[PDB]
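A lone chain, given as structure tokens: the form deposited in one PDB entry.
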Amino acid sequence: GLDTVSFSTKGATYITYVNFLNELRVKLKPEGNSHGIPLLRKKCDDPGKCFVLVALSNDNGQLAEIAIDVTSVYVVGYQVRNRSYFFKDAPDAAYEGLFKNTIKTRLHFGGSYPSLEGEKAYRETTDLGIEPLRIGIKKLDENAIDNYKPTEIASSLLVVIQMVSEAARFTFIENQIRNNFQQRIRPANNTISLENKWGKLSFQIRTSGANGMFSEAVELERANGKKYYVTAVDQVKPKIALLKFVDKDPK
């Protein structure tokens, strides 16, 4: 009994992409907010209503259905044809509860960025855009076999994770893609540092008082790599679409 959201690359435009992200943001059903920013649910154990299925299909009709966690917006696994694949670190409840009636497989790598790098998929060298998305979908479908190529699945999921999960979390990433939609771009140091700091930013924002002052500054980077520190909500609020509910200071 999960919510579902679709995104087709056929005839896709920067507008269909943005509308898709906002539909996803709604279906993740955040509860409450912190300083006006929607706050994702803290806990949601039941696999039967704690995942949103994103149906990604390309011009050729190839389909990949991605399961996205409603508390973290992270990809835990996906279904292609009559097969399903899960990251090595997907919890047991999710592995058993999702994509029933499929031939199930647990991947030999995790979904974290450093785990994906282990499979040769690096954010710095992975193109993002509508074409990279079409190719990623294609590759996930092509690898719906026993002897699948982990490097292809890893790079394809890296594209999906950033264009869906990270873009849904950050209006900044959403817009880097929105105005480069028909092109191929690779995230710079600013995008990468934002992605890396979603949990820390979420914690400092949620635990701040009415003045929005962070108890501890969060380090981010400009495109060129120059470091800067976020010390207040207002400094980063226009860049965030969803906040993770973080209990204790992450690190």
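All residue numbers refer to positions in the sequence shown, first residue = 1.
The same protein has a further form, the form solved in complex with a small molecule, not shown here; the description that follows concerns it.
Interface residue remark: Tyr74 is counted as part of the site for the small molecule in the deposited complex, having a heavy atom within 4.5 Å.
Residue contact with the small molecule in the deposited complex: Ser165 places a heavy atom within 4.5 Å of it.
In the deposited complex, the small molecule stays beyond 4.5 Å of every heavy atom belonging to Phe181.
Proximity of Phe87 to the small molecule in the deposited complex: non-hydrogen atoms within 4.5 Å are present. Contact with the small molecule in the deposited complex, judged by any heavy atom within 4.5 Å, is made by just one of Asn175, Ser112, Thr105, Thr151: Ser112. When you look in the deposited complex, the only residue of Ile161, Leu98, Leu128, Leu140 with a non-hydrogen atom within 4.5 Å of the small molecule is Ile161. Residues of just one listed stretch (128-136, 78-86, 166-174, 143-151) have heavy atoms within 4.5 Å of the small molecule in the deposited complex: 166-174.
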